[PDB]
Amino acid sequence: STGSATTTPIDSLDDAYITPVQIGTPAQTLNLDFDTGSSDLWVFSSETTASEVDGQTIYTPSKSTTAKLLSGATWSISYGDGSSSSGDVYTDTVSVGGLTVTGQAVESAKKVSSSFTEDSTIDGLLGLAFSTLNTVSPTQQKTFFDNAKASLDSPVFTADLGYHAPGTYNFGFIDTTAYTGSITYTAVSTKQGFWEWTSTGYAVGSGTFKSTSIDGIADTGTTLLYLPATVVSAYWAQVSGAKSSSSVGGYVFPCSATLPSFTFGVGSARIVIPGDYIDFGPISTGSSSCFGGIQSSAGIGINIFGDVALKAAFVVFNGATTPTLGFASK
């Protein structure tokens, strides 16, 4: 089997991407944030505290003839941005782009933090990291990809995120028309439950490539590129008037600037992030200070290849017995 679904930016900055997902019988279509940095499929629901729902589409398990309460099971998750959600669990039929999994754990939110309430465009998350991070207690649950894997033509999914444009998530096949040149594969550590890999270095604009190992995670659920403070300082030193602002919470730059590209290594191959991908616009409406899309990881504890980096590439998440990542230019 295979599946193919279009993913669409939620706003003019590509702050996140939503993908339609069918849940239940008859289908209830919710727009979920596909997140390769977490392992829970959770949804706004008929159980969500009424004051914490503001325009999201909700899953109503009582209207699905295939929903079953997973008796006793609860979940609770906290993300790197400080947001959180918790609730109880159902099993139900879940389909993405024509690919169907029966008995998928659908985590129904009773509580969500304010950042979720305030974002009317995201109806929940679909996690695509390793199932070892799944938060369901007392019986940990499998991701949609882990449940689908055995049925797929090939045990892979691919992320092809657009810059200010829709893109695609494919399950079970590699679309050889979606990228240029060849795919370069690189080793993965699953020891922290993430798609963790080691970049071979970087360049700033037309500058020389610096060979240096940068361990980090491929994370579609994180907007920005978070790298060591040395690398980030080297990038922003090429932009006149750029500075790190403690009041704003990272590097800002004059909105009048033209930004340089940023290149990252994947083995002997190179992925080039155009400068425009690094512009996240005014810090507040009407400001001439603009927020940068490359930020320091120093206060996180891990480097994060988020959407800014991944949208420059066609990315293969290879779930074979020894997982690997693949990157191509496009």
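Shown for chain A, in order and in Swiss-Prot numbering: 90-419.
Here the Cβ of each residue, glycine as well, is placed from N, Cα and C on the backbone.
Summarising the annotation, Swiss-Prot assigns domain 'Peptidase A1' to 106-417.
Per Swiss-Prot, the feature active site maps to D124 (among others). Around the Cβ of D124 (active site), the number of neighbouring Cβ atoms within 10 Å comes to 21.
Positions annotated as active site by Swiss-Prot: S288 (among others). DSSP classifies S288 (active site) as strand under the three-state reduction. All protein chains included, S288 (active site) registers 22 other Cβ atoms within 10 Å of its own Cβ.
Under 8 Å, Cβ to Cβ, and six or more positions away along its own chain, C344 (disulfide bond) finds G370, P371, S376, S377, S378, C379. Annotation source Swiss-Prot lists disulfide bond at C344-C379.
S288 (active site) sits 20 Å from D124 (active site), taking the CA atoms of both as reference points.
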